Amino acid sequence: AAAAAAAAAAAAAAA
Amino acid sequence: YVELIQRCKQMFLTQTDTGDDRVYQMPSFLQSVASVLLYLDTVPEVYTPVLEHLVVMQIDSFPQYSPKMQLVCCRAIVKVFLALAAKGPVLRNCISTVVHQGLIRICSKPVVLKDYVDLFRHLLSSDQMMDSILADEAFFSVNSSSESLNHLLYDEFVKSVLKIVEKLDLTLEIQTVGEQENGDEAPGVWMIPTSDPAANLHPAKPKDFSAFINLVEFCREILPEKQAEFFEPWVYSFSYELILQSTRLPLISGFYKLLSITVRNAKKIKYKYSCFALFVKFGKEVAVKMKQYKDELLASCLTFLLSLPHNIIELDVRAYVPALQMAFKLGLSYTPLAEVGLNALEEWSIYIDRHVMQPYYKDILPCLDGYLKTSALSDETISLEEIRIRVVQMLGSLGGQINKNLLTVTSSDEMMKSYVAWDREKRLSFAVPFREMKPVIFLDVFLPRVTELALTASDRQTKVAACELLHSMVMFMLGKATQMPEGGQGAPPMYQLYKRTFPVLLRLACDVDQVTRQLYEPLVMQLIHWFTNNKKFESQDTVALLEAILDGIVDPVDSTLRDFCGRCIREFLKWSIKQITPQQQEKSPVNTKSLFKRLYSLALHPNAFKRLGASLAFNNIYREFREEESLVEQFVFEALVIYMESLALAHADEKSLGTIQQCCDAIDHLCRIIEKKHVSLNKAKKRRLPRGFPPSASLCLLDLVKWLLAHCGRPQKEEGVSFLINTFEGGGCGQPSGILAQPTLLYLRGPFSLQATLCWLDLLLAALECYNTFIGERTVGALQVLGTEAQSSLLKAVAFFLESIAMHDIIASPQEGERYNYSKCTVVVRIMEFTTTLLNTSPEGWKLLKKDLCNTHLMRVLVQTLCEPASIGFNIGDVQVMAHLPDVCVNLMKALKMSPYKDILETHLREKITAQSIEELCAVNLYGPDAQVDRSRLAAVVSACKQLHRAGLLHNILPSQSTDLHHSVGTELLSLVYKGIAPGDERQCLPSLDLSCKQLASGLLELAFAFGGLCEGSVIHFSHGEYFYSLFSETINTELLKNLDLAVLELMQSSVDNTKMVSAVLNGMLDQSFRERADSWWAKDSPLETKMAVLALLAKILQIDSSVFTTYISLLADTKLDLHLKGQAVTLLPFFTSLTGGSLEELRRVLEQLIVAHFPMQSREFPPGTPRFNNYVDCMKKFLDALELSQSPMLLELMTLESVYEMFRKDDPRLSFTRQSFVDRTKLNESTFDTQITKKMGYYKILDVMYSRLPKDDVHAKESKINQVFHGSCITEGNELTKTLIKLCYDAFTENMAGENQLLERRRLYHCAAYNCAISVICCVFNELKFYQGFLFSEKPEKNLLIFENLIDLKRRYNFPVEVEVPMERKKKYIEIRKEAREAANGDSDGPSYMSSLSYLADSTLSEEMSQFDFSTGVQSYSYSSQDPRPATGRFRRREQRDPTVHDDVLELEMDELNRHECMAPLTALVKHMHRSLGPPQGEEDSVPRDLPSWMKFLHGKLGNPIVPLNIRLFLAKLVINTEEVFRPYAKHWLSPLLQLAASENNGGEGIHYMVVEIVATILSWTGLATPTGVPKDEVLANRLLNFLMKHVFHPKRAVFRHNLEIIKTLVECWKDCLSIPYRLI
């Protein structure tokens, strides 16, 4: 949930 | 310190893990074990391996250290070494070299191409702290590291650049591509290495230490030898031309403060020691050698390494007018951008100034200014400026002289050349479209271009620009020059040097842009095609173009020349394109005739070193159509030939390296196609050519002559054999000479007088006449037709008497010594060439033999190979000159054997006395220091012994010197212990006295007095340890070697007697043999332990099995038997241990034997041997099952080529770190466990069915993360073992290991599981396994009702096979069986049951649970065999509930229902592939049409747990599904969270996400399809949804942390284009 924070952060942010 | 050293290891190995295990850890081990053993002079040993491979993993293994901890690390290892002192002279060295090993191997991965650099500092650091003798440490660190690099360079890279630099050329050759890559090879290599490990580790040590060992080893005491010899061996090795070579040697050297040794004493002789001489003598050879051949890549680094060779030659500078001439110019010419050498350049300036220029400026200055001119500006029209700084700093450091040659030579540089507008009579041109104003310009764009051309700095902006509008530049000029108004008419000089440009463009574009040169090559050639098909005027022009392309070699970039012939051949392509008429062939002088007309002649005229490659790639061009195009071939044949002749002999004096004959012979490669062996074509006038060629009697004809008659003499006879005799009639005297030969020499004795016969025709006599022996009798029955001595009177006999003149010339100024010593040696060798040519050749009648009056002379010259170096050429010998010297004596003396009378041998031999050998024998030991002058003649006399060996009759020198002298070597090698340590001097003394010592006598007394003879502060502690073990085990190498050569079973003698160190003794033997051959002695070891297996082996063996005293003699022993069984098992590796050791008792068996009651070595029990049959499955199954669970904790899940190849080569027998190596790329008695477990199945996972069985034993006996190992075991071994046989052996093994047994649940799990791990990845044909399970298919139909374990493995068993089966392969071993859609679906459809009455013993699960695997598996095989209807509808009516349909009964948070349901993955690709059927074939805006016919109807997800997993199923389902096909399932989704995820509550920390994440995140999987998400059925849905969602998500951030929610806050955002507005409520 750190680089994953970027992962899902991008999941929503790009959505 | 025992179990505690264990603890050490227990950290060590366990660091093999995937996550790290730390580091300071180790030095803890280090200084620890240090003080430990420093306490102990009592020899614990046994830790030798662990401590070593320990430290070797240690020192630099790290991504980093705490910068802090690193000096601590220092005190650590250095402490290891003080221990190594008190230790007594053994293990230190070896360890050092090991860390050399990994050290450079750690170059990988190189950080100019974890990471790499670290080691430097630690090495640096290693040297620098605390107190006691940092020196020795550093010292041996160096030398062993050195020789280490020797080893890898002795592995490949020489070979590398060789082959793959030479490779594509000869591999592909169509004769079209070969020629190219030929001309591409000549001028500098392809610069391609073969194996990067070689290619690069090759840099490594050098690349590593680059700045390191320069100033390091500043030490005086330990650097006499690291100086002198230690300089050399490399420098000898050089010839292969490694970038590496010089590198440090100057750097340290000039760094080193007494070059006063070197410079002054080397002056004294110029006016050790000779070491200083050669140490000089590199200079020109080096210098030029790179200047010509080696590259801006190569040379530059090389050369520049090689300028500082002046830094040591201060006094011993002499000429070197080229030195900087080529050199420093290269400094600021091609890299004013790269200061690399540039630094040096003016360092050279510094001292050449500061050392004695007082005439030499007369030299130096005419260079300096006219060159150092750029020293000031390369700046503008470390720091370049800083350069300029120190430039002037030089200038004024003298000043007043520095003024000028810059001015007058720069005045020689053409500032002024005025050309454009044809020396400026009009506008050049204006063609470009602006023409509001219609400008003109373009006036000088050119010298601008130039200025770019020299420039690569802003080349990025600039030089680019240069070629850039060069591109349109030409086409511009010719462009309006085509109608020829003035354009060409103005051009010819203008556009002339406009050509001269592009040499530079395409030249350096290489180092700059492939895109540049390669961009403009099609353009240069689109030129050369143009005017050729056009009229020839730009012929007048491009002719000029290629003209100076005669050069390009003095021009350091010789690929210029590559350009040339490539252009030339492209020229010829176009010339082949348009060839028409010899009218226009010859009147193309640019073609055809005037080509060779010049190029041959023109080749000759300058005496051109600059034709070489030009020549080779030149005719190589033809080598394609040298066969045919038209006539000009006819001329070029002869003209080519005597062109080669005159060619060679012309320059034949001072020629550039052999690059010359590289080219010479390169074209000599053609008479091939040139000879089609026609009748009277080759035989014609072209054969009239060789007519005069041998009788040309001319100089270098040797290279040519032998070339001739084999090849060219062949066409017509055999080689032309009998063409010859009828001319011998007239004369064979036609071949030889001797005009003015012998006496006038004896008078003038001049260098000018050396210049023909003495120059060549000595040689041409020798070889010219050698090739004659062969044909007919020529040297007997042809040349000699007139008299025995009559016809050769002034020819061959004077050649004798002139060899007598060589003896004389030793009886009673550099270039002087050059041809003087070069000569006298070239004399003895070549006159002995045809000498021994005759002597050996069967045309031996004593006709020319008696003709010698040198009978005693010959034996008086050769008898001294001692004075011979000190007098005639020696230094020059190393290059394959006196390297070849031994080749003489043997060849000579044995061609002196037989017919030639033995006194030639004998009286000669009789010349030798014993006082030489006995004397020197005494002396070199009698020295200590002073070992020089004798020790030499150790090397020499030994070399003579070589010559005796190949020559026999050695014993004639040593009849009783067999006895004593060889003994006395023992007296002396004996004697050393008085002084203990021996000099690196004496360290080179020993190879002599031992090496030749044992060339005759026995290596047994070796072993005996080895053992006993060794059974014996600086004086006394340097005495202390070698007493105990070392000194002979120090000298050990040669000793072992003796033991390797001729010994058989002689081993077993002293072996069995002493029964202790012999092992070690033997151990050194082991691979010292092996490595040498890696097949020779690999038996010799084997039966000596067939019998000795009974003998020395045994008392050891059952001394262990028997056994404080006998107990440690045991740990001693069993340690041996490790070794014995292991190395001896390595010579079994060729064959067998199960026959060889299998048919041979107490070899196989001792494995099982010694296992009792010891862990630490119990590690090492297993890795040896692949024993087979009986008492092995069983007894060893006990020593592993029983002795494992007993000796390994019961606790379930409680635990814890050439180059690089050489790292293992010398650590072969030992060192547990072996595979702990590359893994660098609570737990304690648990570490005893997996210590031993990793000891267990990592080793043999690969082979045998008990090796197979024991893993299955323990895993089920005690489940641990050992199971993880199983993957990198099973799967690996599955792919790995690659034995279809043993494949099937576990196929059946496991297969009916699933038979009727006491097996438990997991006991079938890992069974089929790890089973499949190996099996899915192994060979697709599983044979009766996969067929007998077909005949275990009916095993599936079955009833065990019920019992328990009968019920357990009832269900475990019949799902068990399909478990591996269908996954490992479902297909194509399954396809012909014609159960496809047919006979299995029986067991799927039926197999999973209700068992609604079963409440029992997890029958309600495991029975029903695993029963579902019917549909799981079989349905999968169907998924690819599917209809769409078939697999979907085959599911009805449901047994449901079923276990996967019994859900929240447990597992109340959402995490592993995706991970641990063990259901998805089939369901995944299920709907994946059958959704490839139903898919882009057709989509659905509707829910139903994708479900009801699908099995997606089976999915509903409503009303309870009936909800959740199904829609859990939807999880990755919708990944493919969409569009609106999940339309109602969408309603399922927003339905999902409401009271259900609520029913699951938080459902795991990340759970709420886990649901909603794509619950909504699918809502955005579309835009307008969210018009559904808002409007139609959302009716109550999203309102409540939100309410909860929000409700929850508020806090848990409050509960735990922050942007968690925000993840939702998104979703929140994502919602609303209308929706349900619970917002006032918000």
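If you go along the chain as it appears here, the first residue is 1 and each next one adds 1.
Keep in mind that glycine also has a Cβ here, set from the backbone N, Cα and C atoms.
Within the set B:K109, B:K1340, Swiss-Prot records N6-acetyllysine at B:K1340. Minimal Cβ crowding within 10 Å, among the modified residues B:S429, B:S601, B:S1426, is found at B:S601. The DSSP breakdown of the repeat 'TPR 1' (B:1160-1193), given as helix, strand and coil counts, is 19 helix, 0 strand, 15 coil.
Cα of B:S429 (phosphoserine) to Cα of B:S601 (phosphoserine): a distance of 40 Å. Following the DSSP three-state reduction, the secondary structure of B:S601 (phosphoserine) is helix. Over all protein chains present, the Cβ of B:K1340 (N6-acetyllysine) has 21 other Cβ atoms lying within 10 Å. B:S1426 (phosphoserine) sits 22 Å from B:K1340 (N6-acetyllysine), taking the C-alpha atoms as the reference points. In this structure the C-alpha atoms belonging to B:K1340 (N6-acetyllysine) and B:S601 (phosphoserine) are separated by 93 Å. The DSSP secondary structure for B:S429 (phosphoserine) is coil. Under DSSP, the residues of the repeat 'HEAT 2' (B:540-576) split into helix, strand and coil as follows: 27 helix, 0 strand, 10 coil.
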